[PDB]
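One structure below.
All Cβ positions, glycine included, derive from the backbone under ideal geometry; neighbour counts span all protein chains shown. Just so it is clear, none of the values below were taken in a lab; they were calculated from the coordinates.
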RNA sequence: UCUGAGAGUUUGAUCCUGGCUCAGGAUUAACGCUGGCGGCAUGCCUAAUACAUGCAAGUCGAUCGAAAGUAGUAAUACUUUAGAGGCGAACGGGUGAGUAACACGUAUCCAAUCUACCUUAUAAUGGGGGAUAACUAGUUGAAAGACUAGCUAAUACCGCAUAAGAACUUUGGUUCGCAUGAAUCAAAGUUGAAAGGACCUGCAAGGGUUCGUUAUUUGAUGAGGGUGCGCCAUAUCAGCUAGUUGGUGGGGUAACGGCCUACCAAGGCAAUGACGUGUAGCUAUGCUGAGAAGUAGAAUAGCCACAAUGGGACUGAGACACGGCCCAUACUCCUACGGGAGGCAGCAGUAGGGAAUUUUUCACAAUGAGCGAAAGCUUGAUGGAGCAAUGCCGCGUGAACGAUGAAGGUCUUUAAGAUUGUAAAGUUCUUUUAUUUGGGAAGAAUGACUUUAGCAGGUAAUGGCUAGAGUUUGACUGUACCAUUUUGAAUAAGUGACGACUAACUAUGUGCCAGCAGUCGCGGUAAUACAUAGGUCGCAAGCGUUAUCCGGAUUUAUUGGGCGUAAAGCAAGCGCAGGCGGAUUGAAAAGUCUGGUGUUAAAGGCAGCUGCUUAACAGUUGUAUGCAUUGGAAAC
Ligand SMILES: [Mg+2]
Ligand SMILES: [Mg+2]
Ligand SMILES: [Mg+2]
Ligand SMILES: [Mg+2]
Ligand SMILES: [Mg+2]
Ligand SMILES: [Mg+2]
Ligand SMILES: [Mg+2]
Ligand SMILES: [Mg+2]
Ligand SMILES: [Mg+2]
Ligand SMILES: [Mg+2]
Ligand SMILES: [Mg+2]
Ligand SMILES: [Mg+2]
Ligand SMILES: [Mg+2]
Ligand SMILES: [Mg+2]
Ligand SMILES: [Mg+2]
Ligand SMILES: [Mg+2]
Ligand SMILES: [Mg+2]
Ligand SMILES: [Mg+2]
Ligand SMILES: [Mg+2]
Ligand SMILES: [Mg+2]
Ligand SMILES: [Mg+2]
Ligand SMILES: [Mg+2]
Ligand SMILES: [Mg+2]
Ligand SMILES: [Mg+2]
Ligand SMILES: [Mg+2]
Ligand SMILES: [Mg+2]
Ligand SMILES: [Mg+2]
Ligand SMILES: [Mg+2]
Ligand SMILES: [Mg+2]
Ligand SMILES: [Mg+2]
Ligand SMILES: [Mg+2]
Ligand SMILES: [Mg+2]
Ligand SMILES: [Mg+2]
Ligand SMILES: [Mg+2]
Ligand SMILES: [Mg+2]
Ligand SMILES: [Mg+2]
Ligand SMILES: [Mg+2]
Ligand SMILES: [Mg+2]
């Protein structure tokens, strides 16, 4: 929302990003890629959740199987 | 224009008052000059631990009480001492 | 967005300003006449206007006092 | 709010609620740590943190307490005079639901908590519903009358088996308590004092 | 009587220097998953961005004319208020934009000040005059209004007589001071006040209580000024200042003052940091720390500043005035196109910005304010109720009995077996929660007012003072809570982790692919680090992740570190200012120590106690720190 361009890793297996989309970044720092220092909160706004996940879901954003 | 009056310092659904000499234009629950003594709406008896010392000085100085403030003075008998000291 | 008390107060102060301005102008013209053709006679009139205005509040009481003291200094120097 | 598998946690730590009712059982007389990975090696040499945390759980599971409640009580007892190693033991054993079980009017500790929560217990001069009130030796904690007739009073009225620190005046169910519990009435299930130091690091 | 925990990580392995990360707390928090309730508290950190709509300061007929309405044959009785007048609208509420300095905290001197109402005490409250609101009529308009001419009233306004005391001077005394200078007279000169209302008695005349007024007197509160000390970063900002420095006479201000003026001069500040830049409301305090201190200035409380932006002034005791006035700028809106209206940083709410922060609520019932004799009246202050796990605290999803082992799931030590697991199934019990029934408060354990009783002043009457009786008043509220009230386990468990730091491991799938990660690092076809499953562990109506602050960090080391080989001794010297410095004697007492007094607002801090079922919380008493003044000590 400011005027800063940051390279943010999409933390998960599979994404719906289509070059033009809105994301809700958080804090972090992936050690493999140099320069990346942010993570995308999954399953919050336009970005979808990470289904097919039953472990540590509260972090990736998946509705309780119930 | 010192005015002996109250100041609410309790909590939700539980008031608690303190007789205190304060100016008229100062907000309630703000700054004051001298402490007289506290009050409790539900202390059953002795509800007003009065001072009986500086209060007479401030009333002699010309402090104007309030309706509820005056009320407290009368059951103990402070009104009597003030009026007879005036006389 | 307006209060009758405020509106009424404005309407009253116009009339008060007119009357007080008249009183102030008399004092100004009187002290100037006095110090013009200096004469112990005038001095009295100066006292009357200054004291009267000071009581009514129109003029701050201290200004009347300083005017009174200072005007009397000129007479003693000249007499 | 509590676990519903007390056998499992008692089997893990190894110590039950002092009658071995959850250890004897009617089956297999199992005294191994639960789960598939119970009959393995690497038994001893628990780190200081490991044994301290295991021991800390023992203290707060013997009574059905939440750790946050434990921190509150420790913060309370810490400040007073000095080496208060006689006070917090009385404080930890002063729980109201704990006293009813030591009173001999409940089959189990957490069942006594349920009766406390349901309003079947009284106090010297008032009534008690919350199962956390800190008691002081001297209060005539008299039992209810409409609960003396309920279809579960039989073992309840069998309080002849009672600890010496809970005096009842048997058959009158007065149930006061004096002569605070010595370490003898606090068995080797949890009898250590460096758990206090564990909370000293974690809780100021 | 205080009072401090460490570990992982460079190397084939070791020691040291050294940086990074973690274990603990905390917030005005946000996000993901999940979600039952109650007691407290908090809740636009961003756009001082713009605002629809509705409320947020009025009151007195016991100041005054008139008008209107209801009764009355009338005289008149009662009620109501547009307007004149008094008082209050400068309090209270909100926001922190600006501000780096007497803004603020602290201690002070105001011989350099004000203060309406309030306190005490002391003289008066006599008599006249001229006007204008409301009203009528006319012009101009849809209306707001505006203009013109007449009519009235006073506690509105303006003269006059009168000064107990006042103010300004004159005459010499007094007591003097800190330099200007104050303090007190005795006499004199000069100057200067106002208004009545209500009620009782009295044939009347007259008298009286009370409210109010003028002139004073005492204090006190509140406001204003000056000064010492403390109070950010930056030299990759070295000169700044021409009303700036001083004197003279004058003007102005509540007051001193280049605050202003005319003249005479050339100074003032600055390396002990001026000036400039950037940033920021300050403080009591919040979080953290063993301590020294670091950090943010939530809530609330003191002080300052501001009210769309920038100026000016009236009224007033007090404003240069948030919801008063005038002007300009910007912006929006209405119009019948001539003219106007506007300021939510008051309570909600809307739009927008944001990762993100609530009712377009009820009542003055309690506390507080303004006006009133009371009746009262006005109070988005205030008190409640909504909303939100936002934080702290508390309670629940059940109790007993119950297989040397139901089914299912996961491993099978290839029949056996384990493990989930008293978990479950099943037999009984209870209802904090949940659904009916009956009762039902606390706050209003106050009260103002109005008939009585008594005292009490003055007394010829009325008001004030205590007791009893009454009207006695509730938004919360048929709410908290209570009872053998019906039904019934019925209405209630999630999240992180399991290689080490760090409590807790196996299988399946994948095969340097998909993915994890706070650090070391896992994945190249036998992965306890990935995905799924079972088990287990850490928490719990909360759990993780992210952001920020402190500790750990002795990692800016005064307390409390180093400079040969690890970062760090200028290439060396002459050296002003600064810092330090031989021995003895005397005085003073600036440091230093100690006694007395004043102050350091309240809340918070620590200890004790009380009250809420205990707690959280609220109240209660205690509890320092520094500064100034005064009296001593004399070792350095
Ligand atoms: Mg004036
Ligand atoms: Mg290595
Ligand atoms: Mg940590
Ligand atoms: Mg009216
Ligand atoms: Mg105003
Ligand atoms: Mg204001
Ligand atoms: Mg407020
Ligand atoms: Mg704000
Ligand atoms: Mg006044
Ligand atoms: Mg007249
Ligand atoms: Mg005259
Ligand atoms: Mg008059
Ligand atoms: Mg000069
Ligand atoms: Mg700012
Ligand atoms: Mg430290
Ligand atoms: Mg604050
Ligand atoms: Mg703030
Ligand atoms: Mg406004
Ligand atoms: Mg608002
Ligand atoms: Mg505004
Ligand atoms: Mg009220
Ligand atoms: Mg909560
Ligand atoms: Mg809790
Ligand atoms: Mg059971
Ligand atoms: Mg099987
Ligand atoms: Mg009541
Ligand atoms: Mg993971
Ligand atoms: Mg795994
Ligand atoms: Mg640190
Ligand atoms: Mg440090
Ligand atoms: Mg070092
Ligand atoms: Mg070197
Ligand atoms: Mg050298
Ligand atoms: Mg060198
Ligand atoms: Mg030399
Ligand atoms: Mg030298
Ligand atoms: Mg204090
Ligand atoms: Mg408190």
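Could you list the square roots of 5 times each eigenvalue of the Cα gyration tensor of chain B, that is, the equivalent ellipsoid semi-axes, sorted largest first and rounded to whole Å? Please list the in-between numbers first.
Values: eigenvalues 91, 57, 17 Å².
So the equivalent ellipsoid measures 21, 17, 9 Å along its semi-axes.
Relative contact order, percent, of the stretch D:1-72 when contacts are C-alpha pairs under 8 Å separated by at least 6 residues?
24 percent
For chain D, what does the helix formula give at 222 nm: sum of -39500 (n - 2.57) over DSSP H segments with n ≥ 4, over the residue count, nearest 500 deg cm²/dmol?
Dividing the helical sum by the residues of chain D leaves -9500 deg cm²/dmol.
So what is the relative contact order for the stretch C:2-78, in percent, with contacts set as C-alpha pairs under 8 Å and at least six apart?
24 percent
Give the dimensionless ratio obtained when the Cα radius of gyration of the protein assembly as shown is divided by 2.2 N^0.38 Å.
On the way: Rg = 41.9 Å, N = 436, 2.2 N^0.38 = 22.2 Å.
Computed over Cα atoms of the protein assembly as shown, the ratio equals 1.89.
Restricting to DSSP H runs of at least four residues, report the calculated mean residue ellipticity at 222 nm for chain C, -39500 (n - 2.57) per run over all residues, nearest 500 deg cm²/dmol.
About -30000 deg cm²/dmol.
Volume per residue, Å³, of the convex hull around the alpha-carbon atoms of chain C?
That works out to 92 Å³ per residue.
Once you've got the GNM for chain D with C-alpha springs shorter than 10 Å, pick whichever of D:160, D:119, D:48 has the biggest mean-square fluctuation.
So, out of D:160, D:119, D:48, the one fluctuating most is D:48.
Where Rh denotes the Kirkwood radius from the mean inverse Cα pair distance, what is Rg over Rh for the stretch D:65-108?
Taking Rg over the Kirkwood Rh, I get 1.07.
Helix C:61-78 sits at what angle to the longest principal axis of chain C, using alpha carbons and giving 0 to 90 degrees rounded to 10?
Tilt relative to chain C: about 20 degrees.
Grab the DSSP H runs of chain A that are 4 residues or longer, score each as -39,500 (n - 2.57), total them, divide by all residues and round the 222 nm result to the nearest 500 deg cm²/dmol.
So the helix-based figure for chain A works out to -1000 deg cm²/dmol.
Give me log10 I(q)/I(0) at q = 0.17, 0.21 Å⁻¹ for the stretch D:92-183, Debye formula, one equal scatterer per alpha-carbon, no solvent.
-0.63, -1.02
Antiparallel DSSP bridges in the protein assembly as shown: what percent, to the nearest 5?
Beta bridges within the protein assembly as shown, antiparallel portion: roughly 95 percent.
Could you state the angle between the C-alpha long axis of helix B:67-76 and the longest principal axis of the C-alpha atoms of chain B, as a value from 0 to 90 degrees rounded to the nearest 10?
For helix B:67-76, the angle is close to 70 degrees.
Classify chain D: rounded, prolate or oblate, from the alpha-carbon gyration tensor (a ≥ b ≥ c, eigenvalue square roots; a/c under 1.5 rounded; otherwise prolate if a/b is larger than b/c)?
It is oblate, given that a/c is not under 1.5 and a/b is not larger than b/c.
Would you compute, for the Cα atoms of the stretch D:1-82, the largest minus smallest coordinate along each principal axis and list the three values in descending order, in whole Å?
Its Cα atoms span 49, 29, 21 Å along the three principal axes.
Using 1/(1 + (r/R0)^6) with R0 = 41 angstrom and r between the beta carbons of residue C:76 and residue C:56, what's the FRET efficiency to the nearest 0.05?
So, using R0 = 41 Å, E works out to roughly 0.90.
Run the paramagnetic zone check for residue D:87: 7 angstrom along Cα to Cβ, then residues of the stretch D:172-187 with backbone nitrogen under 17 Å.
Under cut-off, by backbone N: D:180-181.
So what is the relative contact order of chain B, in percent, for Cα pairs below 8 Å that sit 6 or more residues apart? Mind dumping the intermediate values first?
Values: 126 pairs, mean separation 22.9, N = 87.
With pairs under 8 Å counted, the relative contact order is 26 percent.
Can you compute the modelled spin-label distance between residue D:150 and residue D:130, with each label point 7 Å from Cα toward Cβ, in nm?
Label at residue D:150, label at residue D:130, 2.2 nm between them.
Using r as the Cβ-Cβ distance of residue D:111 and residue B:29, and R0 as 56 Å, what FRET efficiency do you calculate, to the nearest 0.05?
0.65
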